[PDB]
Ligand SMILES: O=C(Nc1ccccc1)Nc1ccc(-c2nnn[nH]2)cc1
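Next comes just one chain, in structure tokens: the form deposited without the named molecule.
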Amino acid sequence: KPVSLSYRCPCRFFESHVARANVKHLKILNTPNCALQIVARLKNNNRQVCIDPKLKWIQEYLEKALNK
């Protein structure tokens, strides 16, 4: 094709030190079997970086988004 085994994972590396205050928004990619599905659009430089899905502030961020 070159032959590809289904969808390729967009996020291959992640950043562990990203502050909620420096995020314009998060994108949760619909790529189920990938280890990394979270992308952050940064405020300071407007660039996208994949972020550590285990960052504690992310859980809080999403809970508020769900009005839960």
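Shifts are known only where both forms have a C-alpha. Quick note: we count residues from 1 along the sequence shown, nothing fancier. Note that the rigid core is defined as the largest set of C-alphas that superpose within 1.5 Å between two forms.
There is another form of the same protein, the form deposited with the named molecule bound; it is not shown, and what comes next is about it.
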Pocket accessibility after superposing the named molecule in the deposited complex (3+ atoms within 2.4 Å of backbone/C-beta) = open
is_contact(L42, the named molecule) in the deposited complex, heavy atom dist at most 4.5 Å = yes
If you check in the deposited complex, is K54 within 4.5 Å of the named molecule, heavy atoms only?
-> no
Taking only heavy atoms into account, state which residues of 8-22 are within 4.5 Å of the named molecule in the deposited complex, ordered by sequence.
-> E15, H17, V18, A19, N22
Examine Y61 after superposing the rigid core and state whether its CA is displaced by 2 Å or more between the shown form and the other one.
-> no
Listed by sequence position, which runs of three or more consecutive residues have C-alpha shifts of 2 Å or more between the shown form and the other one, the rigid core held fixed?
-> 1-8
